[PDB]
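With mmCIF, C-alpha atoms inside, this is start.cif:
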data_upload
#
loop_
_atom_site.group_PDB
_atom_site.id
_atom_site.type_symbol
_atom_site.label_atom_id
_atom_site.label_comp_id
_atom_site.auth_asym_id
_atom_site.auth_seq_id
_atom_site.Cartn_x
_atom_site.Cartn_y
_atom_site.Cartn_z
ATOM 1 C CA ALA A 2 -61.757 -85.073 64.621
ATOM 2 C CA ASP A 3 -61.567 -82.190 62.055
ATOM 3 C CA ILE A 4 -63.977 -79.604 60.479
ATOM 4 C CA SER A 5 -63.624 -79.109 56.673
ATOM 5 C CA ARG A 6 -64.988 -76.151 54.632
ATOM 6 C CA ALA A 7 -67.744 -78.431 53.149
ATOM 7 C CA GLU A 8 -69.014 -79.105 56.720
ATOM 8 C CA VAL A 9 -69.391 -75.332 57.518
ATOM 9 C CA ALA A 10 -71.959 -74.985 54.708
ATOM 10 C CA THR A 11 -73.536 -71.465 54.465
ATOM 11 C CA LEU A 12 -72.054 -70.258 57.739
ATOM 12 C CA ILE A 13 -69.538 -68.995 55.116
ATOM 13 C CA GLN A 14 -71.431 -66.501 52.887
ATOM 14 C CA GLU A 15 -70.619 -65.671 49.207
ATOM 15 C CA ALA A 16 -69.986 -61.987 48.367
ATOM 16 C CA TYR A 17 -70.709 -59.661 45.408
ATOM 17 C CA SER A 18 -68.848 -56.995 43.354
ATOM 18 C CA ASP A 19 -70.043 -54.691 40.547
ATOM 19 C CA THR A 20 -66.393 -53.800 39.586
ATOM 20 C CA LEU A 21 -66.839 -55.621 36.202
ATOM 21 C CA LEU A 22 -70.489 -54.543 35.587
ATOM 22 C CA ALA A 23 -70.196 -50.973 34.240
ATOM 23 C CA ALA A 24 -69.935 -51.139 30.417
ATOM 24 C CA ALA A 25 -69.538 -47.725 28.669
ATOM 25 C CA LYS A 26 -71.988 -46.823 25.828
ATOM 26 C CA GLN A 27 -71.118 -45.570 22.321
ATOM 27 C CA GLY A 28 -73.224 -42.924 20.510
ATOM 28 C CA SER A 29 -74.205 -42.760 16.828
ATOM 29 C CA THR A 30 -71.319 -41.873 14.481
ATOM 30 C CA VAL A 31 -73.508 -39.929 12.046
ATOM 31 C CA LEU A 32 -74.943 -37.694 14.820
ATOM 32 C CA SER A 33 -71.346 -36.442 15.517
ATOM 33 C CA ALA A 34 -69.829 -36.599 11.998
ATOM 34 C CA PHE A 35 -72.599 -34.488 10.348
ATOM 35 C CA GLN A 36 -74.945 -31.555 11.084
ATOM 36 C CA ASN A 37 -78.012 -32.348 13.223
ATOM 37 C CA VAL A 38 -80.886 -30.459 11.519
ATOM 38 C CA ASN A 39 -83.683 -29.787 14.030
ATOM 39 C CA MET A 40 -87.139 -30.794 12.617
ATOM 40 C CA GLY A 41 -90.637 -29.771 13.885
ATOM 41 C CA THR A 42 -92.560 -31.803 11.227
ATOM 42 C CA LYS A 43 -92.254 -35.137 9.318
ATOM 43 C CA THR A 44 -91.091 -33.691 5.939
ATOM 44 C CA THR A 45 -88.621 -30.894 5.127
ATOM 45 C CA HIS A 46 -87.972 -29.899 1.486
ATOM 46 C CA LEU A 47 -84.532 -28.661 0.430
ATOM 47 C CA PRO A 48 -84.159 -27.183 -3.102
ATOM 48 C CA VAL A 49 -80.857 -27.817 -4.991
ATOM 49 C CA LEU A 50 -79.355 -26.720 -8.343
ATOM 50 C CA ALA A 51 -79.973 -29.495 -10.939
ATOM 51 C CA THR A 52 -78.935 -28.208 -14.426
ATOM 52 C CA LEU B 53 -72.820 -82.829 67.336
ATOM 53 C CA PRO B 54 -69.357 -83.124 68.979
ATOM 54 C CA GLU B 55 -68.608 -85.540 71.832
ATOM 55 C CA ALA B 56 -66.361 -84.705 74.828
ATOM 56 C CA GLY B 57 -64.613 -86.919 77.421
ATOM 57 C CA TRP B 58 -63.266 -87.082 80.980
ATOM 58 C CA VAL B 59 -59.460 -86.578 81.185
ATOM 59 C CA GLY B 60 -56.954 -87.699 83.863
ATOM 60 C CA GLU B 61 -54.020 -85.595 85.076
ATOM 61 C CA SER B 62 -51.205 -87.455 83.261
ATOM 62 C CA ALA B 63 -48.237 -86.600 81.009
ATOM 63 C CA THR B 64 -47.640 -90.300 80.072
ATOM 64 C CA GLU B 65 -50.915 -92.326 80.009
ATOM 65 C CA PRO B 66 -53.494 -92.287 77.117
ATOM 66 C CA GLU B 67 -56.262 -91.102 79.518
ATOM 67 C CA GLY B 68 -54.306 -87.815 79.936
ATOM 68 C CA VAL B 69 -55.183 -86.740 76.338
ATOM 69 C CA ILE B 70 -58.151 -84.448 75.499
ATOM 70 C CA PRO B 71 -60.282 -85.894 72.609
ATOM 71 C CA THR B 72 -60.567 -84.001 69.309
ATOM 72 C CA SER B 73 -64.061 -83.872 67.744
ATOM 73 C CA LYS B 74 -65.895 -82.081 64.893
ATOM 74 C CA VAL B 75 -69.172 -80.151 64.521
ATOM 75 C CA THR B 76 -70.912 -79.958 61.110
ATOM 76 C CA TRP B 77 -73.746 -78.016 59.449
ATOM 77 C CA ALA B 78 -76.011 -78.491 56.414
ATOM 78 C CA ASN B 79 -78.132 -75.998 54.407
ATOM 79 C CA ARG B 80 -81.890 -75.313 54.053
ATOM 80 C CA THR B 81 -83.447 -72.601 51.809
ATOM 81 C CA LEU B 82 -86.370 -70.212 51.847
ATOM 82 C CA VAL B 83 -87.349 -69.675 48.159
ATOM 83 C CA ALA B 84 -89.976 -66.971 47.595
ATOM 84 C CA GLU B 85 -92.903 -67.808 45.301
ATOM 85 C CA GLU B 86 -95.746 -65.523 44.195
ATOM 86 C CA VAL B 87 -99.452 -66.032 44.976
ATOM 87 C CA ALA B 88 -101.902 -63.580 43.407
ATOM 88 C CA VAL B 89 -105.440 -62.776 42.142
ATOM 89 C CA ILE B 90 -107.059 -60.104 39.905
ATOM 90 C CA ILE B 91 -110.589 -58.876 40.744
ATOM 91 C CA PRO B 92 -112.103 -56.769 37.873
ATOM 92 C CA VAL B 93 -115.105 -54.464 38.526
ATOM 93 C CA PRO B 94 -116.848 -51.548 36.679
ATOM 94 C CA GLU B 95 -115.462 -48.092 37.519
ATOM 95 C CA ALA B 96 -119.083 -46.940 37.960
ATOM 96 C CA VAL B 97 -119.589 -49.663 40.644
ATOM 97 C CA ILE B 98 -116.461 -48.418 42.473
ATOM 98 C CA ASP B 99 -117.501 -44.732 42.187
ATOM 99 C CA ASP B 100 -121.093 -45.439 43.348
ATOM 100 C CA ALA B 101 -120.163 -47.354 46.538
ATOM 101 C CA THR B 102 -120.146 -45.540 49.943
ATOM 102 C CA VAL B 103 -118.718 -48.553 51.821
ATOM 103 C CA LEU C 53 -77.264 -56.441 23.605
ATOM 104 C CA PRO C 54 -80.876 -55.493 22.606
ATOM 105 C CA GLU C 55 -81.896 -54.771 18.964
ATOM 106 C CA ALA C 56 -84.067 -51.878 17.753
ATOM 107 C CA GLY C 57 -86.043 -51.741 14.488
ATOM 108 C CA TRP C 58 -87.538 -49.179 12.107
ATOM 109 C CA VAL C 59 -91.304 -48.720 12.603
ATOM 110 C CA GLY C 60 -94.114 -47.486 10.297
ATOM 111 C CA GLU C 61 -97.451 -45.903 11.164
ATOM 112 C CA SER C 62 -100.609 -48.014 11.141
ATOM 113 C CA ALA C 63 -103.359 -49.354 13.427
ATOM 114 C CA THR C 64 -103.690 -52.522 11.265
ATOM 115 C CA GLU C 65 -100.458 -53.661 9.523
ATOM 116 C CA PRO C 66 -97.686 -55.922 10.963
ATOM 117 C CA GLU C 67 -95.252 -53.006 10.517
ATOM 118 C CA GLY C 68 -96.053 -50.131 12.901
ATOM 119 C CA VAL C 69 -95.763 -52.619 15.813
ATOM 120 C CA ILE C 70 -92.598 -51.803 17.831
ATOM 121 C CA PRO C 71 -90.353 -54.937 18.139
ATOM 122 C CA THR C 72 -89.660 -56.501 21.555
ATOM 123 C CA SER C 73 -86.024 -57.250 22.530
ATOM 124 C CA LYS C 74 -83.841 -58.391 25.457
ATOM 125 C CA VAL C 75 -80.759 -57.611 27.604
ATOM 126 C CA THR C 76 -78.918 -60.364 29.562
ATOM 127 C CA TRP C 77 -76.092 -60.753 32.117
ATOM 128 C CA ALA C 78 -73.646 -63.507 33.168
ATOM 129 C CA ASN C 79 -71.545 -64.339 36.260
ATOM 130 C CA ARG C 80 -67.733 -64.258 36.770
ATOM 131 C CA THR C 81 -66.139 -65.371 40.082
ATOM 132 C CA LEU C 82 -63.110 -64.589 42.223
ATOM 133 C CA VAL C 83 -62.264 -67.735 44.286
ATOM 134 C CA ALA C 84 -59.541 -67.228 46.932
ATOM 135 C CA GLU C 85 -56.680 -69.762 47.197
ATOM 136 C CA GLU C 86 -53.671 -69.883 49.561
ATOM 137 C CA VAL C 87 -49.950 -69.587 48.713
ATOM 138 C CA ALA C 88 -47.533 -70.079 51.614
ATOM 139 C CA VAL C 89 -44.036 -71.110 52.840
ATOM 140 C CA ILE C 90 -42.479 -71.964 56.263
ATOM 141 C CA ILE C 91 -38.790 -71.059 56.868
ATOM 142 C CA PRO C 92 -37.240 -72.515 60.112
ATOM 143 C CA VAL C 93 -33.972 -71.200 61.691
ATOM 144 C CA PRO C 94 -32.087 -71.691 65.045
ATOM 145 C CA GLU C 95 -32.651 -68.773 67.448
ATOM 146 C CA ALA C 96 -28.924 -68.648 68.317
ATOM 147 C CA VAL C 97 -28.204 -67.995 64.578
ATOM 148 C CA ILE C 98 -30.578 -64.985 64.695
ATOM 149 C CA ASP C 99 -28.734 -63.619 67.783
ATOM 150 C CA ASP C 100 -25.222 -64.306 66.375
ATOM 151 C CA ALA C 101 -25.883 -62.578 63.008
ATOM 152 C CA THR C 102 -24.945 -58.924 62.245
ATOM 153 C CA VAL C 103 -28.134 -58.295 60.153
ATOM 154 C CA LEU D 257 -42.879 -79.215 61.572
ATOM 155 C CA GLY D 258 -43.058 -82.647 59.864
ATOM 156 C CA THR D 259 -43.989 -85.994 61.499
ATOM 157 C CA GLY D 260 -42.323 -89.268 62.634
ATOM 158 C CA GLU D 261 -38.533 -89.423 62.002
ATOM 159 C CA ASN D 262 -38.693 -86.057 60.126
ATOM 160 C CA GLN D 263 -40.260 -84.186 63.088
ATOM 161 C CA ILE D 264 -38.864 -80.822 64.317
ATOM 162 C CA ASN D 265 -40.265 -79.524 67.623
ATOM 163 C CA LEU D 266 -39.244 -75.829 67.390
ATOM 164 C CA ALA D 267 -39.405 -74.958 71.128
ATOM 165 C CA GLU D 268 -37.230 -77.796 72.551
ATOM 166 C CA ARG D 269 -34.682 -77.513 69.675
ATOM 167 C CA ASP D 270 -34.458 -73.726 70.427
ATOM 168 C CA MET D 271 -35.544 -72.871 66.845
ATOM 169 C CA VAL D 272 -38.124 -70.475 65.395
ATOM 170 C CA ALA D 273 -39.753 -70.239 61.967
ATOM 171 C CA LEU D 274 -41.592 -67.683 59.857
ATOM 172 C CA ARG D 275 -44.775 -68.778 58.140
ATOM 173 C CA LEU D 276 -45.377 -66.486 55.163
ATOM 174 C CA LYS D 277 -48.849 -66.695 53.558
ATOM 175 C CA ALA D 278 -51.312 -64.893 51.290
ATOM 176 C CA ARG D 279 -54.751 -65.672 49.783
ATOM 177 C CA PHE D 280 -55.372 -64.586 46.182
ATOM 178 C CA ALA D 281 -58.001 -64.899 43.434
ATOM 179 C CA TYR D 282 -58.112 -63.903 39.743
ATOM 180 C CA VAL D 283 -60.914 -63.011 37.303
ATOM 181 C CA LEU D 284 -60.958 -62.129 33.606
ATOM 182 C CA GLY D 285 -63.916 -59.919 32.619
ATOM 183 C CA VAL D 286 -64.946 -61.721 29.360
ATOM 184 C CA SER D 287 -68.373 -60.180 28.599
ATOM 185 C CA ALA D 288 -70.345 -58.273 25.970
ATOM 186 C CA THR D 289 -69.082 -54.898 24.640
ATOM 187 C CA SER D 290 -70.770 -52.362 22.284
ATOM 188 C CA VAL D 291 -69.394 -54.516 19.382
ATOM 189 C CA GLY D 292 -70.955 -57.865 20.502
ATOM 190 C CA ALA D 293 -71.316 -60.750 22.987
ATOM 191 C CA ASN D 294 -68.440 -62.835 24.487
ATOM 192 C CA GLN D 295 -65.398 -60.560 23.888
ATOM 193 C CA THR D 296 -61.994 -61.430 25.498
ATOM 194 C CA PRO D 297 -60.067 -58.365 26.881
ATOM 195 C CA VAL D 298 -56.530 -59.817 26.458
ATOM 196 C CA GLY D 299 -54.301 -60.790 23.518
ATOM 197 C CA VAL D 300 -50.766 -62.264 23.298
ATOM 198 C CA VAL D 301 -47.642 -62.106 21.125
ATOM 199 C CA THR D 302 -46.359 -65.730 21.082
ATOM 200 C CA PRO D 303 -42.640 -66.516 20.428
ATOM 201 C CA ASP D 304 -41.210 -67.346 17.002
ATOM 202 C CA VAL D 305 -40.995 -71.165 16.605
ATOM 203 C CA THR D 306 -40.534 -71.094 12.780
ATOM 204 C CA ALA D 307 -38.253 -68.329 11.368
#
I'd like the structure from this file rewritten - as structure tokens, please.
Amino acid sequence: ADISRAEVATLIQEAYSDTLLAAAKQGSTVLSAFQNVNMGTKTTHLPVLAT
Amino acid sequence: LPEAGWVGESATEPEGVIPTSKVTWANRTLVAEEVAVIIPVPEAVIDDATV
Amino acid sequence: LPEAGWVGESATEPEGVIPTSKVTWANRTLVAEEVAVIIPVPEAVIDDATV
Amino acid sequence: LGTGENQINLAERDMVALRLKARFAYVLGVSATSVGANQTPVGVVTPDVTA
């Protein structure tokens, strides 16, 4: 005598939305606060005044 | 499945009234499952073969 | 969120192996629901009125 | 509108009605952020029940 939404099973499809998916990414703090010294080797030596 | 009925021309008798009926559906699923094999062979055997 | 680690150099030690890690996701849903009202009025009242 | 003793047949009583309706859903994007898992994006100032 009547058709309910449970009786129409999967003739009604469920949809998708990525509108919550896109999280923004945060860089390193020290790579923007301080100088980025370019290196071409494992070890660099820096002399400093000590006495 | 719904069921229909024969209906008289009347504005007063119960036989003048068209029956209501429902239709209903259920769900079945295709679920994909993986079948696979690995066939190892010497690279020399593969390089040697003309077929 | 995934986790990185600091890594040595060796072919033999437990350090020098890069750590494995993981990213995961979850589901949130919009489910539509109906809000409604019926407002009945005599049609003579609609014709009689100045607005 | 209505049934039994409460019944209004709009056509024969020379009435009309407006049915107003909408369908709405709501979602709150509780998720991970760069600071950690399961972070709620909403806070509240509750009223003063003490001072």
**OP:** Would you write out, as a list in words, every residue that the PyMOL selection byres ((chain C) within 10 of (chain A)) captures in this file?
**Re:**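 Selection result, ordered by chain and number: residues 77, 78, 79, 80, 81, 82 and 83 of chain C.
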**OP:** With the file shown as input, list the residues that the PyMOL selection byres ((chain D) within 12 of (chain A)) selects, as a PyMOL selection string.
**Re:** chain D and resi 283-291+297
Original post:
Got a sec: who's within 9 Å of segment 265-274 of chain D, counting all atoms listed in the file, leaving out chain neighbours fewer than 4 positions off, as a ChimeraX atom specification?
Top reply: /C:89-96 /D:257-258
Original post:
Could you state the separation of atom CA of residue 280 of chain D and atom CA of residue 86 of chain C in Å, given to one decimal place?
Top reply: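 Atom-to-atom, atom CA of residue 280 of chain D to atom CA of residue 86 of chain C, that is 6.5 Å.
Going from atom CA of residue 72 of chain B to atom CA of residue 2 of chain A covers 5.0 Å.
When chain C is laid over chain B and all C-alpha atoms are paired one by one, the RMSD comes to 1.8 Å.
Atom CA of residue 53 of chain C lies 14.3 Å from atom CA of residue 71 of chain C.
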Any chance you could model N, CA, C and O atoms for segment 61-83 of chain C and send them as a compact mmCIF listing (two decimals), in the frame of the given file?
# COMPACT_ATOMS: atom_id res chain seq x y z
N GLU C 61 -96.20 -46.24 10.49
CA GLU C 61 -97.45 -45.90 11.16
C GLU C 61 -98.59 -46.73 10.59
O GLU C 61 -98.88 -46.65 9.40
N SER C 62 -99.29 -47.48 11.44
CA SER C 62 -100.61 -48.01 11.14
C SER C 62 -101.30 -48.45 12.43
O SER C 62 -100.64 -48.63 13.45
N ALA C 63 -102.61 -48.65 12.39
CA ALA C 63 -103.36 -49.35 13.43
C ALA C 63 -103.66 -50.82 13.06
O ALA C 63 -104.36 -51.51 13.81
N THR C 64 -103.17 -51.31 11.92
CA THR C 64 -103.69 -52.52 11.26
C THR C 64 -102.61 -53.44 10.69
O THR C 64 -102.79 -54.65 10.68
N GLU C 65 -101.50 -52.89 10.20
CA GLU C 65 -100.46 -53.66 9.52
C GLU C 65 -99.47 -54.30 10.51
O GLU C 65 -99.38 -53.85 11.65
N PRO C 66 -98.71 -55.34 10.11
CA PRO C 66 -97.69 -55.92 10.96
C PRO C 66 -96.55 -54.94 11.26
O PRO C 66 -96.07 -54.88 12.39
N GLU C 67 -96.11 -54.16 10.28
CA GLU C 67 -95.25 -53.01 10.52
C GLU C 67 -96.04 -51.86 11.15
O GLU C 67 -97.23 -51.67 10.91
N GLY C 68 -95.38 -51.07 11.99
CA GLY C 68 -96.05 -50.13 12.90
C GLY C 68 -96.17 -50.67 14.32
O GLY C 68 -96.36 -49.89 15.25
N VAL C 69 -96.00 -51.98 14.51
CA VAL C 69 -95.76 -52.62 15.81
C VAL C 69 -94.29 -52.50 16.19
O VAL C 69 -93.42 -52.96 15.45
N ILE C 70 -93.98 -51.91 17.34
CA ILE C 70 -92.60 -51.80 17.83
C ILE C 70 -92.08 -53.20 18.21
O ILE C 70 -92.80 -53.92 18.91
N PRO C 71 -90.88 -53.62 17.80
CA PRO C 71 -90.35 -54.94 18.14
C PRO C 71 -89.97 -55.04 19.62
O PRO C 71 -89.42 -54.11 20.20
N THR C 72 -90.22 -56.19 20.23
CA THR C 72 -89.66 -56.50 21.56
C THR C 72 -88.24 -57.03 21.44
O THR C 72 -87.91 -57.77 20.51
N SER C 73 -87.39 -56.73 22.42
CA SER C 73 -86.02 -57.25 22.53
C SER C 73 -85.60 -57.44 23.99
O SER C 73 -86.41 -57.33 24.90
N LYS C 74 -84.33 -57.79 24.22
CA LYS C 74 -83.84 -58.39 25.46
C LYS C 74 -82.42 -57.93 25.78
O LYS C 74 -81.60 -57.77 24.89
N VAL C 75 -82.12 -57.79 27.06
CA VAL C 75 -80.76 -57.61 27.60
C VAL C 75 -80.49 -58.77 28.55
O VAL C 75 -81.41 -59.21 29.24
N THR C 76 -79.27 -59.29 28.62
CA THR C 76 -78.92 -60.36 29.56
C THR C 76 -77.56 -60.13 30.21
O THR C 76 -76.73 -59.40 29.68
N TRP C 77 -77.32 -60.80 31.33
CA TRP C 77 -76.09 -60.75 32.12
C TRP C 77 -75.60 -62.16 32.44
O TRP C 77 -76.34 -63.14 32.37
N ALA C 78 -74.32 -62.27 32.80
CA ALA C 78 -73.65 -63.51 33.17
C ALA C 78 -72.81 -63.29 34.43
O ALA C 78 -72.61 -62.16 34.86
N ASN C 79 -72.31 -64.37 35.02
CA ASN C 79 -71.54 -64.34 36.26
C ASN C 79 -70.07 -64.68 36.01
O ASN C 79 -69.75 -65.61 35.27
N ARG C 80 -69.17 -63.96 36.67
CA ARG C 80 -67.73 -64.26 36.77
C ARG C 80 -67.38 -64.33 38.24
O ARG C 80 -67.95 -63.59 39.03
N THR C 81 -66.45 -65.18 38.65
CA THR C 81 -66.14 -65.37 40.08
C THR C 81 -64.66 -65.21 40.40
O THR C 81 -63.79 -65.70 39.69
N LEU C 82 -64.39 -64.54 41.53
CA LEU C 82 -63.11 -64.59 42.22
C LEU C 82 -63.22 -65.68 43.28
O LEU C 82 -64.08 -65.59 44.14
N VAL C 83 -62.35 -66.70 43.25
CA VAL C 83 -62.26 -67.74 44.29
C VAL C 83 -60.89 -67.70 44.94
O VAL C 83 -59.88 -67.92 44.27
